[PDB]
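Comments concern the structure below.
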Amino acid sequence: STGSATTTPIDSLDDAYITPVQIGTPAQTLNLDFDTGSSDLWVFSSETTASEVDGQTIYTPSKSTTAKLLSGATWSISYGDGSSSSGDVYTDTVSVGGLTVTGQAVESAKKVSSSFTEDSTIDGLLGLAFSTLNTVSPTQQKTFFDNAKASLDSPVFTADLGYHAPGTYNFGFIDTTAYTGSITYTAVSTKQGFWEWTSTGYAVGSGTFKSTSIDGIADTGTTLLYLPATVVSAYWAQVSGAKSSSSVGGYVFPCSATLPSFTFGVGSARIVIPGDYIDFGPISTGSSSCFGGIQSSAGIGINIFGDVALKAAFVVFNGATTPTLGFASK
């Protein structure tokens, strides 16, 4: 089997991407944030505290003929941005882009944090990291990809995120029309439950490439690119007037600037992030200070190749017995 779904930016900045997901019978279509940095499929639901729902589409298990309470199971997750959610669990039929999994754990939110409520465009998350991070207790549950894997033509999914445009998530096949050149594969560590890999270095603009190992995760659920402070300082030193603002919470730059590109290494290959991808716009409406898309990871404990980096590539998440990542230009 295969599946193919279009993913759409939620706003003009590509702050996140939503992908329609069919849950239950008859289908209830919710727009989920596919997140390769977490492992829970959770949704706004008929169980969500009413004051915490503001415009999201909700899953109502009682209207699904295939929904079953997973008795005793609860979940609770906290993300890197400080957001959180929790609730109970149903199993149901879940389809993405024509690929169907029966018996998928659908984690129904009873509580969501303010950042979820305030984002009307995101009806929940669909985690695509390794199932070892799934938070369901007392019986850990599998991701949609882990449940689909054995049925897929190839045990892979691909992320092809757009810059200010829709893109695609494919399951079970590699669309050889979606990228240029060849795909460079690189090793993955699953020890922290992430798609964790080691970049071979970086360049700023037309500058020379610096060979240096940068361990980090491929995380579609993170907007920005978070790298070590040395790398980030080297990048923003090339932008006149850029500075790290403790008041704003990262590097800002004059909105009049033209940003340089940033290149990262994948083995001997190179992925170029155009400068425009690094512009996240005014820090507040009407400001002439703009927020940067490359930020320090120093306060995180891990480097994160988020959407700023991934949208510059065609990315293969290879879930073979020994997982690997692949990157191609596009």
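We number each residue from 1, going along the chain as drawn.
The way this entry was determined, per its header, is X-ray crystallography, 1.0 Å.
Here the Cβ of each residue, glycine as well, is placed from N, Cα and C on the backbone.
The domain 'Peptidase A1' feature in Swiss-Prot is assigned to 17-328; the stated evidence is sequence analysis. Taken from Swiss-Prot, the feature active site applies to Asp35, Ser199. Taken from Swiss-Prot, the feature disulfide bond covers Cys255-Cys290.
Of all the recorded positions listed here (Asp35, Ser199, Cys255, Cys290), the one with the fewest other CB atoms within 10 A of its own CB is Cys255. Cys255 (disulfide bond) carries neither a helix nor a strand DSSP state and counts as coil. Here the Cα atom of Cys290 (disulfide bond) is found 27 Å from that of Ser199 (active site).
The two recorded residues, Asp35 (active site) and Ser199 (active site), show a Cα separation of 20 Å. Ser199 (active site) sits 30 Å from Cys255 (disulfide bond), counting Cα to Cα.
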